[PDB]
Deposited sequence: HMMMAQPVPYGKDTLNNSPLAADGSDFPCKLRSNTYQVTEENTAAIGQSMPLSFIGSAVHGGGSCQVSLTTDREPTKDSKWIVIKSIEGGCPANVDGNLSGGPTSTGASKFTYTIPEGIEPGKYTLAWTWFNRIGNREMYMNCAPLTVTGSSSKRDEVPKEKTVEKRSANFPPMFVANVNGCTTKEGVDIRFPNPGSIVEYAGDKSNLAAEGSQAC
């Protein structure tokens, strides 16, 4: 189980490392008392490299992640999300024990957004992790992939390839675990 530490999520004080509820009842962003409370506003310039980091008790052999944006500062199940980065394999890490960035690309207008990190764990229960953060962008993108909370279930043991990964894709896992190009993810 993991949670995002950078960028700083909304409602950090009540954010836990549990995945989204399987029935979709807390999608998006782990709906709770203070889901969209700004703990710390995160700020990024277009083209600026920004840190993405995580804390928790198990990386579940990694998996695959997206970084997505919505103009909604209080997203609902009907919000439109656009992917700015996909990481296929090796996210959030490969092993447990005692690395990633994203950039706001050209084509994103300055303004206020919600940023989401989503993670599909390679090993264990068929889960979707999601944490959301307030992002201010100072001054070609596909819809975010959703599975495991919507009746679409992924396959255990594989680093999934997103159907629509977008043009910014990093591979950080073991090639032997990476799903085939064009494979059905769920």
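- For this chain, the deposited residues without C-alpha positions form the stretches 99 to 109, 151 to 169, given in sequence order.
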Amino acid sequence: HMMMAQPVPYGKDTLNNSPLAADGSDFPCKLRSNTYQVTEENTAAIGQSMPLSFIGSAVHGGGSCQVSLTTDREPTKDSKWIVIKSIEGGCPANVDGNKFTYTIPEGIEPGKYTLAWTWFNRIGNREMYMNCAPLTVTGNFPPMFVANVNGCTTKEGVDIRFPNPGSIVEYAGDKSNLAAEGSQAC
From here on, numbers count along this sequence of modelled residues.
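- Looking at 45 to 53 and 60 to 68 together, the entry lists the larger mean B-factor for 45 to 53, computed on C-alpha atoms.
- Between the stretches 130 to 138 and 150 to 158, it is 150 to 158 that shows the larger average CA temperature factor.
- The entry assigns its greatest Cα B factor, within the set 14, 177, 164, 18, to 177.
- In the PDB entry, residue 116 places in the lowest third of its chain by CA B-factor.
- In the deposited entry, the Cα temperature factor of residue 107 sits in the top third of values across the chain's modelled residues.
- Ranked against the other modelled residues of its chain, the C-alpha B-factor of residue 98 as given in the entry falls in the highest third.
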